[PDB]
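Asker: Enclosed is the structure file model_35.cif (mmCIF, N, CA and C atoms).
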data_final
loop_
_atom_site.label_atom_id
_atom_site.label_comp_id
_atom_site.auth_asym_id
_atom_site.auth_seq_id
_atom_site.Cartn_x
_atom_site.Cartn_y
_atom_site.Cartn_z
N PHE U 7 118.73 47.30 146.75
CA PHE U 7 117.79 47.00 145.63
C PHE U 7 117.43 45.52 145.61
N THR U 8 116.21 45.22 145.18
CA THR U 8 115.71 43.85 145.09
C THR U 8 115.10 43.63 143.71
N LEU U 9 114.62 42.41 143.48
CA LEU U 9 114.02 42.08 142.20
C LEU U 9 112.56 42.51 142.12
N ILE U 10 111.88 42.61 143.26
CA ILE U 10 110.47 43.00 143.25
C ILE U 10 110.30 44.40 142.68
N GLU U 11 111.08 45.35 143.19
CA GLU U 11 110.97 46.73 142.72
C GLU U 11 111.32 46.84 141.24
N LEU U 12 112.39 46.16 140.82
CA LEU U 12 112.80 46.24 139.42
C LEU U 12 111.75 45.64 138.50
N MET U 13 111.17 44.50 138.89
CA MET U 13 110.14 43.88 138.07
C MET U 13 108.88 44.74 138.02
N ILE U 14 108.51 45.36 139.14
CA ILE U 14 107.34 46.24 139.14
C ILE U 14 107.58 47.44 138.24
N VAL U 15 108.80 47.99 138.27
CA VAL U 15 109.12 49.13 137.41
C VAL U 15 109.06 48.71 135.95
N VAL U 16 109.61 47.54 135.63
CA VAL U 16 109.58 47.06 134.25
C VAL U 16 108.15 46.86 133.78
N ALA U 17 107.29 46.33 134.66
CA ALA U 17 105.90 46.11 134.29
C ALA U 17 105.16 47.43 134.09
N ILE U 18 105.41 48.40 134.97
CA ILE U 18 104.75 49.70 134.82
C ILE U 18 105.23 50.40 133.56
N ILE U 19 106.50 50.21 133.18
CA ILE U 19 107.00 50.80 131.94
C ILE U 19 106.23 50.25 130.75
N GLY U 20 106.09 48.92 130.69
CA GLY U 20 105.33 48.33 129.60
C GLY U 20 103.87 48.75 129.61
N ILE U 21 103.29 48.91 130.81
CA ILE U 21 101.91 49.36 130.91
C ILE U 21 101.77 50.76 130.32
N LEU U 22 102.64 51.68 130.73
CA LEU U 22 102.60 53.03 130.19
C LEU U 22 102.87 53.05 128.69
N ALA U 23 103.69 52.12 128.20
CA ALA U 23 103.98 52.04 126.77
C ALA U 23 102.84 51.35 126.04
N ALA U 24 101.62 51.88 126.18
CA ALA U 24 100.46 51.31 125.52
C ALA U 24 99.40 52.35 125.19
N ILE U 25 99.69 53.64 125.38
CA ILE U 25 98.72 54.68 125.09
C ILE U 25 98.52 54.79 123.59
N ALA U 26 97.26 54.79 123.16
CA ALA U 26 96.94 54.90 121.75
C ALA U 26 97.10 56.34 121.27
N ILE U 27 97.19 56.49 119.95
CA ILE U 27 97.35 57.79 119.32
C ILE U 27 96.40 57.86 118.13
N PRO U 28 95.43 58.77 118.10
CA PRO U 28 94.51 58.85 116.97
C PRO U 28 95.12 59.65 115.82
N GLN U 29 94.32 59.81 114.76
CA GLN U 29 94.78 60.54 113.59
C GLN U 29 94.86 62.04 113.88
N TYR U 30 95.73 62.73 113.14
CA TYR U 30 95.91 64.17 113.32
C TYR U 30 96.30 64.86 112.02
N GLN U 31 95.94 64.29 110.88
CA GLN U 31 96.23 64.87 109.58
C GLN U 31 95.08 65.69 109.02
N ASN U 32 93.84 65.20 109.17
CA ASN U 32 92.69 65.94 108.67
C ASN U 32 92.59 67.32 109.31
N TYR U 33 93.01 67.45 110.57
CA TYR U 33 92.96 68.75 111.23
C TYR U 33 93.78 69.78 110.47
N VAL U 34 95.04 69.46 110.17
CA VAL U 34 95.90 70.39 109.45
C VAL U 34 95.41 70.56 108.01
N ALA U 35 94.95 69.47 107.39
CA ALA U 35 94.46 69.56 106.02
C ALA U 35 93.28 70.52 105.92
N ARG U 36 92.43 70.57 106.94
CA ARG U 36 91.30 71.49 106.94
C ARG U 36 91.71 72.89 107.36
N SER U 37 92.66 73.01 108.29
CA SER U 37 93.12 74.33 108.71
C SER U 37 93.80 75.07 107.57
N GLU U 38 94.53 74.34 106.72
CA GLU U 38 95.18 74.98 105.57
C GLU U 38 94.15 75.58 104.63
N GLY U 39 93.09 74.83 104.33
CA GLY U 39 92.05 75.34 103.46
C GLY U 39 91.25 76.46 104.09
N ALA U 40 91.04 76.39 105.41
CA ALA U 40 90.31 77.45 106.10
C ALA U 40 91.09 78.76 106.08
N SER U 41 92.41 78.69 105.96
CA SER U 41 93.24 79.89 105.89
C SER U 41 93.42 80.38 104.45
N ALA U 42 93.52 79.45 103.49
CA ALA U 42 93.71 79.85 102.10
C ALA U 42 92.57 80.74 101.63
N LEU U 43 91.33 80.29 101.83
CA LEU U 43 90.17 81.08 101.39
C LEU U 43 90.07 82.38 102.18
N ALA U 44 90.29 82.31 103.49
CA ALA U 44 90.23 83.52 104.31
C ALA U 44 91.25 84.55 103.85
N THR U 45 92.37 84.11 103.28
CA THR U 45 93.40 85.03 102.80
C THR U 45 93.11 85.55 101.40
N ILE U 46 92.55 84.70 100.52
CA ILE U 46 92.39 85.07 99.12
C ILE U 46 90.97 85.49 98.77
N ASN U 47 90.08 85.64 99.75
CA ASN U 47 88.73 86.11 99.49
C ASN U 47 88.65 87.63 99.37
N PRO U 48 89.29 88.38 100.28
CA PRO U 48 89.09 89.85 100.28
C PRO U 48 89.46 90.53 98.97
N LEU U 49 90.21 89.87 98.08
CA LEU U 49 90.60 90.51 96.83
C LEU U 49 89.40 90.83 95.95
N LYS U 50 88.27 90.16 96.17
CA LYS U 50 87.08 90.44 95.38
C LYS U 50 86.61 91.88 95.57
N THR U 51 86.77 92.42 96.78
CA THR U 51 86.38 93.81 97.02
C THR U 51 87.18 94.76 96.13
N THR U 52 88.50 94.61 96.11
CA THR U 52 89.33 95.46 95.27
C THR U 52 89.02 95.25 93.80
N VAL U 53 88.77 94.00 93.40
CA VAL U 53 88.45 93.72 92.00
C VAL U 53 87.18 94.45 91.60
N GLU U 54 86.13 94.34 92.42
CA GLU U 54 84.87 95.00 92.11
C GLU U 54 85.03 96.52 92.10
N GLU U 55 85.80 97.06 93.05
CA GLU U 55 86.02 98.50 93.08
C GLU U 55 86.72 98.97 91.81
N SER U 56 87.76 98.25 91.39
CA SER U 56 88.49 98.65 90.19
C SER U 56 87.63 98.51 88.94
N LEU U 57 86.75 97.50 88.91
CA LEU U 57 85.92 97.30 87.73
C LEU U 57 84.75 98.27 87.67
N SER U 58 84.30 98.77 88.82
CA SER U 58 83.17 99.69 88.85
C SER U 58 83.59 101.16 88.81
N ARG U 59 84.82 101.47 89.22
CA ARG U 59 85.27 102.86 89.22
C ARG U 59 85.34 103.42 87.80
N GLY U 60 86.19 102.82 86.96
CA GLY U 60 86.33 103.28 85.60
C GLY U 60 87.46 102.59 84.85
N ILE U 61 88.54 102.28 85.56
CA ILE U 61 89.68 101.63 84.93
C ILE U 61 89.27 100.24 84.44
N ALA U 62 89.87 99.82 83.33
CA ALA U 62 89.58 98.51 82.76
C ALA U 62 90.41 97.43 83.47
N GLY U 63 90.21 96.19 83.05
CA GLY U 63 90.93 95.07 83.62
C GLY U 63 92.37 95.00 83.14
N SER U 64 92.98 93.82 83.27
CA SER U 64 94.36 93.61 82.83
C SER U 64 95.34 94.36 83.73
N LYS U 65 95.20 95.69 83.80
CA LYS U 65 96.10 96.48 84.62
C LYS U 65 96.06 96.08 86.09
N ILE U 66 94.98 95.44 86.53
CA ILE U 66 94.88 95.00 87.93
C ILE U 66 95.90 93.90 88.17
N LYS U 67 96.87 94.16 89.04
CA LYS U 67 97.92 93.20 89.34
C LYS U 67 98.10 93.05 90.85
N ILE U 68 99.15 92.35 91.27
CA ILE U 68 99.45 92.12 92.67
C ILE U 68 100.88 92.58 92.94
N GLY U 69 101.21 92.68 94.23
CA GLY U 69 102.52 93.11 94.67
C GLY U 69 102.44 94.33 95.57
N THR U 70 103.52 95.12 95.56
CA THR U 70 103.60 96.34 96.37
C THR U 70 104.42 97.36 95.57
N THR U 71 103.77 97.97 94.59
CA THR U 71 104.38 98.96 93.71
C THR U 71 103.57 100.25 93.71
N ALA U 72 103.07 100.64 94.88
CA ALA U 72 102.28 101.86 95.01
C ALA U 72 101.05 101.81 94.11
N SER U 73 100.37 102.95 93.95
CA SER U 73 99.19 103.02 93.11
C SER U 73 99.12 104.40 92.47
N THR U 74 98.23 104.54 91.49
CA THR U 74 98.05 105.80 90.78
C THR U 74 96.60 105.87 90.31
N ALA U 75 96.32 106.84 89.44
CA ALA U 75 94.97 107.06 88.91
C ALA U 75 94.74 106.32 87.60
N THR U 76 95.31 105.12 87.45
CA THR U 76 95.14 104.34 86.23
C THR U 76 95.26 102.85 86.52
N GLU U 77 96.29 102.47 87.28
CA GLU U 77 96.55 101.08 87.62
C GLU U 77 96.30 100.85 89.11
N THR U 78 95.90 99.62 89.44
CA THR U 78 95.62 99.22 90.81
C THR U 78 96.55 98.09 91.21
N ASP O 251 102.87 140.56 70.82
CA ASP O 251 103.38 139.48 71.65
C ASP O 251 102.23 138.60 72.09
N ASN O 252 102.46 137.29 72.11
CA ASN O 252 101.44 136.34 72.52
C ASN O 252 102.12 135.05 72.94
N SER O 253 101.40 134.26 73.75
CA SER O 253 101.89 132.99 74.25
C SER O 253 100.79 131.94 74.13
N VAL O 254 101.19 130.72 73.80
CA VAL O 254 100.26 129.60 73.65
C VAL O 254 100.86 128.37 74.32
N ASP O 255 100.01 127.56 74.93
CA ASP O 255 100.44 126.35 75.60
C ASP O 255 100.36 125.16 74.66
N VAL O 256 101.05 124.08 75.03
CA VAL O 256 101.08 122.85 74.25
C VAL O 256 100.73 121.69 75.17
N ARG O 257 99.83 120.83 74.72
CA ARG O 257 99.40 119.68 75.50
C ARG O 257 99.00 118.56 74.54
N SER O 258 99.51 117.36 74.80
CA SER O 258 99.23 116.20 73.98
C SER O 258 98.12 115.37 74.63
N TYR O 259 97.89 114.17 74.09
CA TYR O 259 96.88 113.29 74.65
C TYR O 259 97.25 112.92 76.09
N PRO O 260 96.30 112.39 76.87
CA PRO O 260 96.56 112.12 78.29
C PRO O 260 97.83 111.33 78.53
N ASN O 261 98.80 111.95 79.21
CA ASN O 261 100.06 111.31 79.55
C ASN O 261 100.58 111.93 80.83
N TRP O 262 101.76 111.47 81.26
CA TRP O 262 102.42 111.99 82.45
C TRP O 262 101.61 111.68 83.71
N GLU O 263 102.25 111.08 84.70
CA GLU O 263 101.63 110.72 85.98
C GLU O 263 100.50 109.72 85.83
N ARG O 264 100.37 109.08 84.66
CA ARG O 264 99.31 108.11 84.41
C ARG O 264 97.93 108.70 84.69
N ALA O 265 97.77 110.00 84.46
CA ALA O 265 96.51 110.67 84.70
C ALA O 265 95.61 110.52 83.47
N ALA O 266 94.45 111.17 83.51
CA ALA O 266 93.49 111.12 82.41
C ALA O 266 92.70 112.43 82.38
N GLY O 267 93.41 113.54 82.19
CA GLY O 267 92.78 114.84 82.14
C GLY O 267 93.49 115.82 81.22
N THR O 268 94.41 115.31 80.40
CA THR O 268 95.15 116.15 79.47
C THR O 268 95.93 117.23 80.21
N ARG O 269 97.19 116.95 80.52
CA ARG O 269 98.06 117.88 81.22
C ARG O 269 98.92 118.67 80.24
N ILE O 270 99.46 119.78 80.72
CA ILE O 270 100.30 120.64 79.90
C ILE O 270 101.69 120.03 79.78
N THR O 271 102.30 120.19 78.61
CA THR O 271 103.64 119.66 78.35
C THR O 271 104.63 120.71 77.87
N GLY O 272 104.19 121.75 77.17
CA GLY O 272 105.09 122.77 76.69
C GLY O 272 104.38 124.07 76.45
N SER O 273 105.05 124.97 75.74
CA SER O 273 104.51 126.28 75.43
C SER O 273 105.28 126.86 74.25
N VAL O 274 104.62 127.77 73.53
CA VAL O 274 105.21 128.42 72.36
C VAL O 274 104.88 129.91 72.44
N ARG O 275 105.90 130.75 72.44
CA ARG O 275 105.74 132.19 72.49
C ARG O 275 105.89 132.78 71.10
N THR O 276 105.09 133.80 70.80
CA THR O 276 105.10 134.48 69.51
C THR O 276 105.26 135.97 69.74
N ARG O 277 106.15 136.59 68.97
CA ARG O 277 106.41 138.02 69.06
C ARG O 277 106.33 138.63 67.67
N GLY O 278 106.51 139.95 67.61
CA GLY O 278 106.46 140.65 66.34
C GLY O 278 106.21 142.13 66.57
N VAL O 279 106.06 142.84 65.45
CA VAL O 279 105.81 144.28 65.48
C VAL O 279 105.11 144.69 64.19
N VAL O 280 104.07 145.51 64.32
CA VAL O 280 103.31 146.00 63.17
C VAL O 280 103.87 147.35 62.74
N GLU O 281 103.81 147.61 61.44
CA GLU O 281 104.31 148.86 60.88
C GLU O 281 103.38 149.32 59.77
N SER O 282 103.17 150.63 59.70
CA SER O 282 102.31 151.24 58.69
C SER O 282 103.08 152.33 57.96
N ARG O 283 102.79 152.49 56.67
CA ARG O 283 103.46 153.48 55.85
C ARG O 283 102.56 153.85 54.68
N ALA O 284 102.72 155.08 54.20
CA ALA O 284 101.95 155.59 53.08
C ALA O 284 102.90 156.20 52.05
N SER O 285 102.45 156.24 50.80
CA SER O 285 103.25 156.78 49.72
C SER O 285 102.33 157.43 48.69
N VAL O 286 102.80 158.52 48.09
CA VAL O 286 102.05 159.26 47.08
C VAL O 286 102.98 159.53 45.91
N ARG O 287 102.64 158.99 44.75
CA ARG O 287 103.43 159.15 43.54
C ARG O 287 102.81 160.21 42.64
N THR O 288 103.66 160.96 41.94
CA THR O 288 103.21 162.01 41.04
C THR O 288 104.14 162.06 39.84
N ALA O 289 103.57 161.97 38.65
CA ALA O 289 104.32 162.00 37.40
C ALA O 289 103.69 163.01 36.47
N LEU O 290 104.46 164.01 36.05
CA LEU O 290 104.00 165.06 35.16
C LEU O 290 104.76 164.97 33.84
N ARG O 291 104.02 165.04 32.73
CA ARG O 291 104.60 164.97 31.40
C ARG O 291 104.75 166.37 30.81
N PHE O 292 105.82 166.55 30.04
CA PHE O 292 106.11 167.83 29.41
C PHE O 292 106.74 167.58 28.04
N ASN O 293 106.28 168.33 27.05
CA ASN O 293 106.77 168.21 25.68
C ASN O 293 107.77 169.32 25.39
N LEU O 294 108.91 168.95 24.81
CA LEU O 294 109.95 169.91 24.48
C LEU O 294 109.78 170.40 23.05
N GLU O 295 110.23 171.63 22.80
CA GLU O 295 110.14 172.25 21.48
C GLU O 295 111.38 173.12 21.29
N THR O 296 112.26 172.71 20.39
CA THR O 296 113.49 173.43 20.09
C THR O 296 113.39 174.09 18.72
N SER O 297 114.28 175.04 18.47
CA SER O 297 114.32 175.76 17.21
C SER O 297 115.62 176.55 17.15
N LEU O 298 115.93 177.06 15.96
CA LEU O 298 117.15 177.84 15.75
C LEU O 298 116.83 178.92 14.71
N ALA O 299 116.34 180.06 15.20
CA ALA O 299 116.00 181.17 14.33
C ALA O 299 117.22 182.05 14.07
N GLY O 300 117.21 182.72 12.93
CA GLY O 300 118.31 183.58 12.56
C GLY O 300 117.89 184.58 11.50
#
In structure tokens, write the structure found in this file.
Answerer:
Amino acid sequence: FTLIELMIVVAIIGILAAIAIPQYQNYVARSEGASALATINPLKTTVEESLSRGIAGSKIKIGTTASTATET
Amino acid sequence: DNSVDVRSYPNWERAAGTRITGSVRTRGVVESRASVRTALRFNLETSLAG
């Protein structure tokens, strides 16, 4: 081993240790909103169906408790 | 003899068509009879001849 190789390696290390990094927060901030609406939009179909069929409001809830001929 | 069903306002199964809930049976027997009354009056007359 010599000093030339070691110095060249040290210089190349510092050279590589200079890559810039741009922002990456707005991407996730927008992806979260693009998914929230896509997930909570389809409920309007069920709401309109329940309001136009015959049953009144209030009884319309969320979860997984089966269904019947009165509550949705 | 006769039978009648019982049903309250829409209930059971959360339906809305008035379902049956009970029943009430009625029995009995008819009877007929006739009667004829008759009352005759008579006057008594006693004496003691000698």
Asker: So, counting only C-alpha atoms, which residue among U:61, U:53, U:10, U:40 is closest to chain O?
Answerer: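 Among the listed residues, the smallest separation from chain O belongs to U:61.
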Asker: Specify as a PyMOL selection string each residue included when the PyMOL selection byres ((chain U) within 7 of (chain O)) is applied to this file.
Answerer: chain U and resi 74-77
Asker: Name the residues that the PyMOL selection byres ((chain O and resi 270) around 7) picks from the file above, as a list in words, using the file's chain letters and numbers.
Answerer: residues 255, 256, 257, 258, 268, 269, 271 and 272 of chain O
Asker: How would the residues just picked look written out with N, CA and C atoms as a PDB file, in the frame of the given file?
Answerer:
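Final output, saved to result_12.pdb:
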ATOM      1  N   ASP O 255     100.010 127.560  74.930  1.00  0.00           N
ATOM      2  CA  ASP O 255     100.440 126.350  75.600  1.00  0.00           C
ATOM      3  C   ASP O 255     100.360 125.160  74.660  1.00  0.00           C
ATOM      4  N   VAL O 256     101.050 124.080  75.030  1.00  0.00           N
ATOM      5  CA  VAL O 256     101.080 122.850  74.250  1.00  0.00           C
ATOM      6  C   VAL O 256     100.730 121.690  75.170  1.00  0.00           C
ATOM      7  N   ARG O 257      99.830 120.830  74.720  1.00  0.00           N
ATOM      8  CA  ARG O 257      99.400 119.680  75.500  1.00  0.00           C
ATOM      9  C   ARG O 257      99.000 118.560  74.540  1.00  0.00           C
ATOM     10  N   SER O 258      99.510 117.360  74.800  1.00  0.00           N
ATOM     11  CA  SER O 258      99.230 116.200  73.980  1.00  0.00           C
ATOM     12  C   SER O 258      98.120 115.370  74.630  1.00  0.00           C
ATOM     13  N   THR O 268      94.410 115.310  80.400  1.00  0.00           N
ATOM     14  CA  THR O 268      95.150 116.150  79.470  1.00  0.00           C
ATOM     15  C   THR O 268      95.930 117.230  80.210  1.00  0.00           C
ATOM     16  N   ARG O 269      97.190 116.950  80.520  1.00  0.00           N
ATOM     17  CA  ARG O 269      98.060 117.880  81.220  1.00  0.00           C
ATOM     18  C   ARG O 269      98.920 118.670  80.240  1.00  0.00           C
ATOM     19  N   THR O 271     102.300 120.190  78.610  1.00  0.00           N
ATOM     20  CA  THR O 271     103.640 119.660  78.350  1.00  0.00           C
ATOM     21  C   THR O 271     104.630 120.710  77.870  1.00  0.00           C
ATOM     22  N   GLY O 272     104.190 121.750  77.170  1.00  0.00           N
ATOM     23  CA  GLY O 272     105.090 122.770  76.690  1.00  0.00           C
ATOM     24  C   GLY O 272     104.380 124.070  76.450  1.00  0.00           C
TER      25      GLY O 272
END
Asker: Could you state which residues are captured by the PyMOL selection byres ((chain O and resi 275) around 6.5) in this file, as an MDAnalysis selection string?
Answerer: chainID O and resid 252:254 273:274 276:277
Asker: Hey, what does DSSP flag as alpha helix (DSSP H) within chain U? Can you give it to me as a VMD selection string?
Answerer: chain U and resid 9 to 22 32 to 46 49 to 59
Asker: To one decimal in Å, tell me the separation between atom CA of residue 51 of chain U and atom CA of residue 67 of chain U.
Answerer: 13.9 Å
Asker: Atom CA of residue 66 of chain U to atom CA of residue 54 of chain U: how many Å, to one decimal?
Answerer: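 If I compute the distance from atom CA of residue 66 of chain U to atom CA of residue 54 of chain U, I get 10.8 Å.
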Asker: What's the separation between atom CA of residue 65 of chain U and atom N of residue 78 of chain U, in Å to one decimal place?
Answerer: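 Between atom CA of residue 65 of chain U and atom N of residue 78 of chain U the gap is 5.8 Å.
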